[PDB]
Amino acid sequence: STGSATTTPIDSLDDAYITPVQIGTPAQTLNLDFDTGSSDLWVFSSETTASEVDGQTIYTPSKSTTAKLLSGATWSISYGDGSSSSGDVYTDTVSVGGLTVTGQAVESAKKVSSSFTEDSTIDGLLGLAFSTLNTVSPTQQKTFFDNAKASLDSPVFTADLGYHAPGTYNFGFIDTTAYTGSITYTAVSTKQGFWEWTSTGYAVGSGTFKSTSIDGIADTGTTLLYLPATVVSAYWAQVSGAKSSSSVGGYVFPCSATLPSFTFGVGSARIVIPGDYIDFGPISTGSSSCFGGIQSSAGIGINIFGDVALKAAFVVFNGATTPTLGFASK
């Protein structure tokens, strides 16, 4: 089997991407944030504290003839950005782009933190990291991909995120028309539950490539590119007037700037992030200070190849017995 679904930016900045997901019988379609950095499929629901729901579409398990309470199961998750959610668990039928999993754990939110409430466009998350990170207790549950894998034509999914435009998540096949050149594959460590890999270096603009190992995670659920402070300083030093602002929470730059590109290495291959991808617009409405899309990972504890990086590539998440990651230009 295969599946193919379009993923759409939630706003004009590509702050996140939503993908329609069918849950239950009859189908209830919710727009979920596909997140290769976590492993829970959770939704706003009829059980979510009413004051914490503000415009989201909810899953109502009592209206699904295939929903079953997973007795005694609870979940609770905290994300890198400080947000969180928790609740109880159903199993139900879940379909993405024509690919169906029966008995998928659907984690129903009883509580969500303010940032989720305040984002009316995101109805929940669909985790695509390794199932070892799944938070359901006392019986850990599998991700949608893990459940689908054996049925897929090939045990893979691909992320093809757009810049200010829709893109695609495919399951079970590689669309050879969706990228240019070849796909370069690179080793993955699953030791921390992530799609963790090592970039071979970077360049800023038309500058020379610096060969240096950068361990990090391919994370579709993180907006920005978070890299070591040395790398980030080297990038922003090429932008007149850019500075790190403790008050704002990272590097800012004059909105009048033309940003240089940023290149990262995948083995001997190179992925070029155009400068415009690194612009996250005014820090507040009407400001001429703009927020940068490359930020320091210092004090996160891990480097994160988030959407800024991933949307410059066609990315293969290869879930073979020994997982790997593939990157192609597009």
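Here, residue 1 is simply the first one shown, and the rest follow in order.
Per deposition record, X-ray crystallography, 1.2 Å.
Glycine residues also receive a Cβ, built from the backbone N, Cα and C atoms like all the rest.
Marked as active site by Swiss-Prot: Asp35 (among others). Note on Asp35 (active site): other Cβ atoms within 10 Å of its Cβ, all shown chains, come to 21.
The active site annotation in Swiss-Prot covers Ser199 (among others). Taking a C-beta cut-off of under 8 angstroms and a sequence separation of 6 or more, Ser199 (active site) has the following same-chain neighbours: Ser213, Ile214, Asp215, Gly216, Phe264, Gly265, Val266, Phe305.
Following the DSSP three-state reduction, the secondary structure of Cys290 (disulfide bond) is strand. Taken from Swiss-Prot, the feature disulfide bond applies to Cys255-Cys290.
As annotated by Swiss-Prot, domain 'Peptidase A1' applies to 17-328.
Burial estimate for the disulfide-bonded residues (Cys255, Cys290): highest at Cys290, by number of other CB atoms within 10 Å. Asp35 (active site) sits 26 Å from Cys290 (disulfide bond), taking the Cα positions as reference.
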